[PDB]
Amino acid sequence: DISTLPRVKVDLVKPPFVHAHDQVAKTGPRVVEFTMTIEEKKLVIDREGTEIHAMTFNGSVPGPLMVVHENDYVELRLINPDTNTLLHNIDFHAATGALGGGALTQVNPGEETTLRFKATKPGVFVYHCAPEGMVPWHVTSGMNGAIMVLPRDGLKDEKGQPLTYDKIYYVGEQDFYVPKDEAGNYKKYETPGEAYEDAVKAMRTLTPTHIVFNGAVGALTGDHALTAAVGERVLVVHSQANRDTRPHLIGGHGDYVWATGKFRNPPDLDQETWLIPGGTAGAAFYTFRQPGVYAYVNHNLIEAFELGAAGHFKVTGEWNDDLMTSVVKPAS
């Protein structure tokens, strides 16, 4: 009887940050309420000024990470304002039935809907838009995110002992397929609907023009680098709604990885690189042991360093010479 359960309202934050939550559940099951507003907007995705018409949940690519516990109810109010032009919906891979909620959430511009589902399976899961006849176009225009359903007693290692993270980041990786003219220049369109048939042709090549983290080439660099300190335990959630990726922390490892993101399974240990299949979210836990700049990449290095799938951590603290040292610096 759901009317007797506590309700809690959560305000979502922009990726790669994550809203505040408890790892170990401090209450019984709740109905957790979220609101998202669909925004169709122009996005500049690279250093050259290439623009697309992005389709977003809450104004960002990816959409924000939602965090609940196993056997909570998720109640989502989804708003499609009349400033948009397209019909949208939402499919949660975490949910059971009705095409993951897609069949129940079709909203024209000017409409809203509220869906509730029970989070019965622990893990990270993709959510994405999926309107009949236009599914890949929506998804590859940026309309995807993830939801983390924590076990009520938090995360566990391969022996069942507690694993506790100090920080958590969300990396959404996005494949874009920007249409090109005959010579290979990217095309521009006034509206999203203009691009439709050129978008289909670009997608059918199966060759993305850009692969980015957090919506743009270089989005997780500079002043937007991820930060941590030596000794901190960091959880990195990584989603790809459409195409396989293979994350790698340059200078580190995945100490504990759930590559396909489902926490009832034991993690894989000591990974150099792991495969997250398209349509999946995964999670990697790492304890930093050395200070400095780290790069976090898709380890198809072309996709990383030419197409955009690379970000940075900046880590503070003490250098450990036992782990690594230059015995003879580069010299003639």
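All residue numbers are counted from 1 along the displayed sequence. By rigid core we mean the largest C-alpha set that fits within 1.5 Å across both forms.
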Item checked: Which of 160-168 and 97-105 lies farther from this form in 7 other deposited structures of this protein, as RMS of C-alpha positions after a rigid core fit -> 97-105
Check: Which of the two stretches, 87-95 or 186-194, moves more in 7 other deposited structures of this protein when the core is held fixed, judged by C-alpha RMS distance?
Finding: 186-194
Next item on the list: Identify the stretch, either 70-78 or 161-169, whose C-alpha atoms have the larger mean B-factor according to the entry.
Entry: 161-169
Notebook entry, point to check: Looking at the entry, does 275-283 or 23-31 show the higher mean C-alpha B-factor?
Noted result: 23-31
Checklist line | Out of 223, 91, 255, 175, highest CA B-factor residue | finding: 223
Next item on the list: Please pick out which of 215, 145, 261, 154 has the largest Cα B-factor as recorded in the entry.
Entry: 154
Notebook entry, point to check: Lowest, middle or highest third of the chain for the C-alpha temperature factor of residue 308?
Noted result: lowest
Checklist line | Modelled-residue ranking by C-alpha temperature factor, third containing residue 231 | finding: middle
Item checked: residue 239 - which third its CA temperature factor falls in, relative to the rest of the chain -> lowest
Notebook entry, point to check: Within this chain, which third does the Cα B-factor at residue 106 fall in: lowest, middle or highest?
Noted result: highest
Checklist line | CA B-factor ranking of residue 49, expressed as a third of its chain | finding: highest
